[PDB]
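To keep things clear, I will list the structure first and then write my remarks on it.
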Amino acid sequence: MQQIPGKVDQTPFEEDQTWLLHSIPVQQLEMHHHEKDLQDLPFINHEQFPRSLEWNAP
Amino acid sequence: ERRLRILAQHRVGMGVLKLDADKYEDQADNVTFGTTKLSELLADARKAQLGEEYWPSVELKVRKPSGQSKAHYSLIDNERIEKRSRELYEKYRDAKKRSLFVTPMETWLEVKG
Amino acid sequence: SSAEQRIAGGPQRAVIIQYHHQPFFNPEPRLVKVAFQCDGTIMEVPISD
Amino acid sequence: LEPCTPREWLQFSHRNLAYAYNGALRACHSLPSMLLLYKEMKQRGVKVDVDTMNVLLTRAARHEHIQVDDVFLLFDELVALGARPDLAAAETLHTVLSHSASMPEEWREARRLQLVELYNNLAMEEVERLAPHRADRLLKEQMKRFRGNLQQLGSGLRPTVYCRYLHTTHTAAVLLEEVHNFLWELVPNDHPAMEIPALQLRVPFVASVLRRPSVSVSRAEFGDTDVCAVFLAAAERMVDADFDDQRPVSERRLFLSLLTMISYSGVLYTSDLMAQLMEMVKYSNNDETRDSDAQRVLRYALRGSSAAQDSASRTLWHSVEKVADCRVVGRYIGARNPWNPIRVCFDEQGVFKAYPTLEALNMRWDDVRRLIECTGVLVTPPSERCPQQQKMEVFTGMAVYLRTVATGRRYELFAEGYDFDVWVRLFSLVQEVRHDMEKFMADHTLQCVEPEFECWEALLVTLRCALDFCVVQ
Amino acid sequence: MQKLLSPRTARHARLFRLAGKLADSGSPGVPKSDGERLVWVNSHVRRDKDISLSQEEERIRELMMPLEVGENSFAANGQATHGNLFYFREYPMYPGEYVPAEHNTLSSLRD
Amino acid sequence: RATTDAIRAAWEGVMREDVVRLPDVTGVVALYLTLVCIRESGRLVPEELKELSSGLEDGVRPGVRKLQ
Amino acid sequence: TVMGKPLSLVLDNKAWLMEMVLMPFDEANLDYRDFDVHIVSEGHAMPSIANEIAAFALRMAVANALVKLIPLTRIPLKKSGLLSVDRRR
Amino acid sequence: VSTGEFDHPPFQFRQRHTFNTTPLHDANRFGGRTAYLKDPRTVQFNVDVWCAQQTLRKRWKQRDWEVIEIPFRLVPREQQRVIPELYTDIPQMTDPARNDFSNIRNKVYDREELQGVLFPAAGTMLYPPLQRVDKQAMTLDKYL
Amino acid sequence: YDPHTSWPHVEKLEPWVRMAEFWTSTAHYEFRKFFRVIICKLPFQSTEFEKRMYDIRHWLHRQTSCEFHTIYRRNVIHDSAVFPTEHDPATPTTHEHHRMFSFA
Amino acid sequence: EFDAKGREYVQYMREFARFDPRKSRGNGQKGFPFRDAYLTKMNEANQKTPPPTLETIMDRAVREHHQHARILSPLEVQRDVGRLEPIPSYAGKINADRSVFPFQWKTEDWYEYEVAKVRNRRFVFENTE
Amino acid sequence: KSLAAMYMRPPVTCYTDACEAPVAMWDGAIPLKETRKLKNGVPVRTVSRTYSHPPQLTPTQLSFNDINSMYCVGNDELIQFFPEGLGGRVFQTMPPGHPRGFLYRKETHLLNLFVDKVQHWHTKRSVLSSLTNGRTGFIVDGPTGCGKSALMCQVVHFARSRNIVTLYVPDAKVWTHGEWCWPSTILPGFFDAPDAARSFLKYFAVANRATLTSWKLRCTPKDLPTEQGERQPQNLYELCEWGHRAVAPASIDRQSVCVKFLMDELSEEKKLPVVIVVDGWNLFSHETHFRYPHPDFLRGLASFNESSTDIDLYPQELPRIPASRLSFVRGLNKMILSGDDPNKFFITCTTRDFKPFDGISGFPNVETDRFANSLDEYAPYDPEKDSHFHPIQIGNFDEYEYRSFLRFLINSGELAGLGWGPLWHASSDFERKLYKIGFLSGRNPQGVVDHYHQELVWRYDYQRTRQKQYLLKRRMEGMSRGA
Amino acid sequence: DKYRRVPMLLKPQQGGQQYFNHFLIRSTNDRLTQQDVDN
Amino acid sequence: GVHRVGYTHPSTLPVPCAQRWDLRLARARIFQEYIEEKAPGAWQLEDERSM
């Protein structure tokens, strides 16, 4: 990972207790993704055209 | 080639530099956009021909100092540390006549208010 | 040894020793075991050549 | 039936069709009828088994208008196809041959030789099959059957089969019984023999019938080589394995029984068998009998055959293969016990009558050197059967002899109560042996002779004992 | 007293001689020092002694072996509920197994 | 120190093709190539074929499996 | 080796799972040391296959490979039922 | 291969603390971090985040080297080549010519080997020369 | 289906399958659409062949559709004049110049 | 003949036998070698094939020499007790090397192989000379 | 067959012979043979065990011919020579009442002879230097469960039976990965592990009472703090006793002084051969999981909202304290790197008991986790580069060692009465067990032990079923014939 | 039935097929031994 | 391990070489890559479920 030089930063931790006790919120509302939103849900999954999932763009 | 491969992170694979131009709604626009981007990438890559300063550095996973080197961490300032310890034992012995439990913060470690 | 890939030569007369017609015995590119008249050397030549 | 659906394709198989075709062949009643079925078997890809061979051979030999040439040709075609010959088919062909006398004698002898080879192959393969199951009794009975079947043809079971079977044996009773049976099969049933007590067996005299050149001469031309090789196989099997018996039999008794067998057979001995016999007595754990065993075996080795008659053949054999070579003499020096009141060497065909201390040990060592000289094996020219490396056994045996006087034990306190002068003479002996080793190595360096680990270690042990003597002094 | 290194029996000596022959032949995987060769030979003869021990152990256990539901022996194999569910054949299955034909029958056919 | 970067890069460019098809050349140049390659084959072929050999290539490649 | 790792590590050092993989050799009267095998998984990939159904599949694959290597091994294996396929989902 | 649990247990009823079962969301499953816990999808996503955290921490503790960027000239011959970026070409072997078949990307160089290029200003060997044992010397291991 | 035997060759492509489960007591019904790719590799650009290939959709089979993928070699110039190589400026760019909404 | 998987893996092995990273340029997933063999070659621990155990050598030599009965291969022993087949040409002729078979590899190298194979799907230069 | 009643116990001579159990337990597990002798009558019957326990021999009595053989050590000798314990998993096989077995490998013989020379080193100095290539000792490396800990235990046994000063450090994690770390009272910038230090001092003193009692302290202040009634220490044994025998927390600061002076005096000594054996030298080589305290805890604070400190808000990761900064390891390194001390021999071994990680990792369920007490150290280790000792590579058992070890395990467990016993007929024979366990373990020692235990679970062994079927059929047909 | 899907060869799941030949050969050997004892 | 990320100008090194942060900024210029300044160095998680 290339961090902006001169910026104070912390390398990923090596202990389980650090990750456990550190303040990371848990996901509570619905999940959002920058491109899986057009495809509404896993059970809905809107598709544009019936192209093969193996289809390759040249 | 090194500089161009570094600048084209995932755009290069198995010896082929590939660029998917889809910015515009027309393939006639995307051909021009891709041509411009290829020319810019090539021009920036050719900076490696100006001088060595433009040759990208190689990333070598340099090991941490080995155990043999780490051993000398115990011997750095060996004589001075021995002198200090022999001097400090006197202070420890004197302090033991006043407190049941002597403390490094009392002997050498600096814990202030 | 300095060639990045095969080098083709002139078409010489030769005789076929064998030819594995099975795809699993000739993965792409296909090869043919052929013996050349000059020097009697046997080589696996690409089918295209 | 031709398989049409995949369910029948899951059941179709050529080797399994062999079963149905064997059944139809057995059901058939006429050889001419079985011929069409067998022709169709061959036209199809049906794998020809051993049951088809048995059936065709039997129903053909019992057919009337057959020819023995065609019976044997059908057997040849079956074996050329993937058919395994069996004892039953071998017996059928054997009876057919023995009853076929109208054919030319050349053909009859050729087919007799073929059938001899067939019996030998069957015996070999069955020995191999029954080896792992530890079925010594069943294997012995099967070997009885094969031996009886070869007797009619005259030629007996061959020494290679006998050697493998003996190396595979598991108990002394059958090992000795099979050596005995080989000796008796090598001779006619009315041949004279010597009875061996405690075994209730008779060893026949076989050198009377063994082949001899009768006249350069080759070592392989003498038939004694195969018999001595089977004896060597028995000795090797004895050494390299443990027997299990409801009543265990002793090592010394078994070794003496084998010695008596070879002695009464009275066959010319070989360096290999003599050295193998001597190894056991050298490494024997009994002290008050190993000297007697060693002198007995050395007497046998020097005599050559221990045979009463035909002294010219023993001289010829000695000129041929040099019995009692360096390996045997080195093992003899290693086996002979120091301070034993028996003569170490032989004088003018010495029966080793007896000895009349520091001077006693000096006499023993000088007699050992005289024995080495009289055997004169250090002059023998190196050969391909025996390279120079064997010659190191003499120095190894001498070093072990010195070790045995250094310590009162042998492969079982630092040392005993001796004289300081005795230990000085022992140190001198160690030094002179060390230096004769140097002369030997310098002489034969052109093949890079190498000392034995026992030879090197015995000197170290003798020096350790001498040093302990010095320390206690 | 110091124990002597050399082979202590004829079988030991013969195995050491074979090991030396193999080393001279230079087949892969063989050692080159006599001490490790002697270690190899000693371990092999000890293994043979152990194998003979196992043979005698099994032959004694064959006669000590239980066959009735008793103390620490019991038919949890459904023989009481289901019965004899395991097959057991006394004939060699032709292609795989082999047992020599009986000599009474051999002689009968030959005669 | 042998040849300039231009010639070197030209050489890799020539040899880097998918298939390095050899060029057709004039007769005089073909004669020159034949003669110079005859001169050079001696330096490459082993001593046992430096004079007599059943072919110009004989000895150039060691592993060539012949027929007989 | 199952998918590039030793069996004792793939099946998490569980005796009751690896003995199924051994079974085709024993039923065939064969030494497992005379053969070296590699098992590749084309099914649903999972971090750990240390279970009885996966062991069953591995045993069946080994048995089929042994059958095709040496046909006469098919006799004891089919009789033992290592060639038979369960149909349970 | 990993024997740790990756999925969250399903909820089809209220469990109890029994011989073969334990209460859902107890302080035993994921190191006691289930005290933060609804929807199986979001719960599984949180468990996936925790598992990724564990993977990362162990993957970083396994890392004993450092990635100093060295100029091309002051570099070993094996690294004086063109190295494709990750996931761009086939895993590259260091040098098949010298029988070195090993992922070049995973090569690690001992710090007491580049003191000639690192720390060129310090004329004293900050790290003493690496002691290498002699293989061609009779030692206790080679004595038997 | 073999490139070695015929020209052009047909290669298979995985059918697009979309299963849907809905109330009826539930039912599973899936839409399916099967594909086949015809590949023609020519050692030259023939606009006549491109025309005759494009004209296929007019007599395509009933209720069957087609789409065309073209991969052709094209010459591209790198004009070093409009795109030159220059020394890296005296004051180099920092991360502020590549900030959010910096592209505009 | 061969079954589907046998044919598939025979083709894989032939491809790897004629594989070349230089000839695998400008190509998609078809340029990646036979994963298992390639990673086994790359793994260093497999670059050292242990020699036969001292016990194996001792037993083989004892049966070869002290007993005049060579040890036969499992492919060379005759199993059909009623038929005699011809020994295959490959019976005991295939040397055992750990760098060729069986396939052992490092987990990170396998991960990189898989990710690169799935990501270089469309990095193919279809039109070539 | 009931030859059990006819069996009479042999005469007890050693703890191993005392480990024998009632005949009812091992009747059939160890079948009894019968030997007929002709003593004062042609018929006699001596029912004896087919298998006897491996001999209980001293390291002096062990010989070259014993290579790849199993011997035993009496419980009294074990307690005498190992007060600190048996690091690693070696005591896994020695429950109460079990014989304390030990394999004698080629490496074990080499080490025994090397310690024999160390017993009189000053004369054999050239031999020792040639053996170690001049390095100050050996380090033993190899795969997991390979036998490094067992070899170090055997080395300590050899040295302490030969009466040489031995510093045995089992489970070097007790020192590096200890419970809590404390800065050294008298060494500035150096840290302690007081619990491990006090335990080590107790066990070392009790182990080496004789030589330590005969010892005379050379460089040690004799004004050491002392409570009423206790005599000032005059020998190294009394120094260790003063260090480790004290009331808490007065022991925490006393142990640091004791260990510092003990290390100084051991470094000074130049006449007695001192063997230092440590299990897991890589731990003492690279680092300890303890970190340096945050400087806020040292600087001091008045109120929390004043300084805006985040010590109780966010955890951090201070640099890990390297193992070189401990006082015990400081003494060891001082003695190691500093030449002019050909008196101490470091026979160390590495460890590989780290938790596993193979690309992905979830959470190991607590109840089913055989790596619960494994080390969180996934970094690689190379003994040659990470230490000054001469590396010795061990591998898995070869068939000879494996056969001997499994024979001892199974037969002695059953004889002592902890195996199948009356249920021996439920388990396959020794040859099948050997073949299967060899397959399952790859002849790895730890794997062999684990699968010997797991053999309780085998479900695809039909040998005994078929044997019972065949013998029952044979008996039934015999009875039918008899009828 | 609950286990209708499993094969009949797996219902009892016979095992130990490698011992039958050994048992046949040992029975024949013991028969020969008994005959010899009788004689 | 809390730290401050560093940077060496090509001029300062004994032999200059194009730095990786410079290459990163060149890539950002060419491809208009927005670089989030507050991206944490500790939070580098990969979705193992897919990778």
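In this document, chain identifiers A, B, C, D, E, F, G, H, I, J, K, L and M correspond to the written order of the chains, with residue numbering beginning at 1 in each.
One rule holds in what follows: a contact is a pair of C-beta atoms (placed from the backbone, for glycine too) under 8 Å apart; a residue touches a chain by one contact, two chains touch by 3 or more.
For the pairs E-K and E-J, the count of C-beta pairs in contact is higher at E-K. Comparing the centres of all chains, each the average of its CA atoms, the largest separation from chain C belongs to K.
With each centre defined as the average position of its C-alpha atoms, the distance from chain B to chain H rounds to 16 Å. Computed centre separation for the pair chain C/chain I is 36 angstrom, with centres defined by C-alpha atoms.
Between chain I and chain J the centroid-to-centroid distance comes to 38 Å (mean Cα coordinates, whole Å).
Inter-chain spacing, taken between the CA centroids of chain F and chain M, is 50 Å.
Among all residues of chain M, those that touch two or more other chains are 1-2, 15-17, 19-20, 35, 37, 44, 48. Residue positions of chain I with contacts to 2 or more other chains are 71, 88, 95.
For chain G, residues that reach two or more other chains under the stated contact definition are 5-6, 23, 47, 72, 75-76. Every residue of chain E that touches chain L in the complex is listed here, in rising order: 85-93, 96-100.
On chain B, the positions that touch chain I within their shared complex are 35, 38-40, 42-44, 46-47, 49-50, 54.
Contact residues of chain B toward chain J in the complex are 10, 13-16, 18. Touching chain J in their complex are the following residues of chain D: 15, 47-51, 79, 82-84, 86, 128, 160, 163-164, 167-168, 236, 240.
Interface residues of chain K, counted against chain H in their complex, comprise 106, 109-111, 114, 130-133, 135, 138, 357-366, 376-380, 384-385, 388, 390-393.
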